[PDB]
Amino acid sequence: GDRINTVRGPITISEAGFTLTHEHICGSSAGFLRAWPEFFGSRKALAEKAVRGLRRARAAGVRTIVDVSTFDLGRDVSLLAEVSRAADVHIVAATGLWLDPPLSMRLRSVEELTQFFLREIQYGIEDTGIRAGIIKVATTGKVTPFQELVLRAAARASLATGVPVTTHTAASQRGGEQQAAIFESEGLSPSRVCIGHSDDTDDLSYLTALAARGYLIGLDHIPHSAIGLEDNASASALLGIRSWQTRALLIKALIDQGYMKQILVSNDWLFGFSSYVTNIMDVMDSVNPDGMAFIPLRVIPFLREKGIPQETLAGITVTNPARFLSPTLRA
């Protein structure tokens, strides 16, 4: 109803405040942080870096982040709880599956996957008793048969619990349209779904058409940009070469079209990143030293400068995430 799960327990949605709806503490792989912590220097070093970063985000006004790391992104909810408590920032944990499921997940049926997502929402993650407040799913442009199982299981878990679904897409492939079709074939309301990484495209017809159907639009890659780093193949492939201003103007664009209630904004940042080339984190941190504070420190003023009312910005950063995260469906 009006309470959501965080890694410190249930909170009322009024307490969430300024919420970043797509972030990561650490982007990794199942088991990896605990098997090889010195990849990140140490577990302690990683935790301290996350606490420093989250504390700066809190100074800048952030009160909640949603960590959309799944099992196969190496989600360690014990780490999430430790850094949440120390930074005093709410963290919502995720269930679901991203793009790197191990065999023990890849070979499961839609029914089995449904019961796994329900366990993480209704019972707890691992043996921690920490419950997920969101379901994260990911597809390639053309959805694979396994990915379709994952989306149907996510829809079924969402209908049984009321918690929302948020996606990874290839926006240049208009990936959201095939995702939306599968979700609706399962009876899932578009108001329970955020189509993420949507600022990766400048195709406003695609974006507005999803928004008109009641989907939430995740403009969550705003600081991702390898401009100046064109000589870095791996960084360019990851971040793109569109400017952060270009990405942010899509926020204005969707407001101007009348869809401010459908916008969710985030940084998609992280404090460690093992599921890409070595030292990618140092490259990203040089691009955006603000980290997760990039949205409140850079983007919000940029948009106010362009004339967007304060009330509108507050609605996008506070009201929209609250409506989205509040469990809404079967009691």
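We number the residues from 1 along the sequence you see.
- The mean Cα B-factor in the deposited entry runs higher for 275 to 283 than for the other of 275 to 283 and 33 to 41.
- Per-stretch averaging of Cα B factors for 82 to 90 and 250 to 258 places 250 to 258 on top.
- Per the PDB entry, 228 shows the highest C-alpha temperature factor of the residues 218, 214, 228, 133.
- Sorting 206, 117, 146, 244 by the CA temperature factor given in the entry leaves 244 at the top.
- In the PDB entry, residue 202 places in the highest third of its chain by CA B-factor.
- When the modelled residues of the chain are ordered by their C-alpha B factor, residue 62 lands in the middle third.
- Residue-level temperature factors show residue 128 in the middle third of its chain, judged at the C-alpha atom.
- Per the deposited record, the Cα B-factor of residue 326 falls in the middle third when ranked against the other modelled residues of its chain.
- Looking at the C-alpha B-factors along this chain, the one for residue 166 belongs to the lowest third.
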